[PDB]
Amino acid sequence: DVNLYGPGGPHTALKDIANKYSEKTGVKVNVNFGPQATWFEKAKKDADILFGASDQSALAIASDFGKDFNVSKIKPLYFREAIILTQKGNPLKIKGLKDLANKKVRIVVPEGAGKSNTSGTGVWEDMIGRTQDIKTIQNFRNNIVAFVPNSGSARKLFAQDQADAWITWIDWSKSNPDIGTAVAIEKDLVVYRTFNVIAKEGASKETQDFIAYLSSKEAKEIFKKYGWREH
């Protein structure tokens, strides 16, 4: 049994994959996902691979495992763009990031605030900062109704219609076409973050083989289905 731990998000692609791989290879692959705290303890007992939704978060998470893992072995495999998720039908007619700053709107972004490891940390300031206008940066920040510890928390706040816009990743929208309406971010502002994996110290051949499979022709197309790219 090859066991994987990581955040919600990439788990959808990974489930499709471990299930196909399980079929064809007979090897059982478990994909555990969610907020770190929800799986941390089981994962300390039997984690074979930690997967991540960005580099800074995977580095944080892998570091929490002591010498069970080796953070320097983190392998970036795909990337996807950030998006704006608006409520169904985009009632406020949001056109992008600059539009969020200029309008009266409620924004949720995941920010770890140094106590939670989340793919969101640093995204919004890096995107809106590329406008190089402090006024727009200021106006955007003022529209932020909540900084949440992780993507799951943002999704929840969002589904309760307490935010008009959620700064998230394309895969989240691909994985959950029912949630909201996706709005593309200005090409000159958007950031792209990565999917990665790291095998435990002393990982089995079965593990290694599954990692190798994540780069297979068939894994690439499944990741691609969810918006994950190589180029």
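Numbering starts at 1 and follows the sequence shown.
As listed in the deposited structure, the average C-alpha B-factor of 31 to 39 and of 192 to 200 is greater for 31 to 39. Here 117 to 125 and 99 to 107 are compared by their mean Cα B-factor, and 99 to 107 comes out higher. Residue-level temperature factors show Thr181 in the middle third of its chain, judged at the C-alpha atom. In the deposited entry, the Cα temperature factor of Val71 places it in the highest third of its chain's modelled residues. Among the modelled residues of the chain, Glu206 sits in the highest third by CA temperature factor in this PDB entry. Compared with the other modelled residues of the chain, the Cα B-factor recorded for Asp48 ranks in the middle third.
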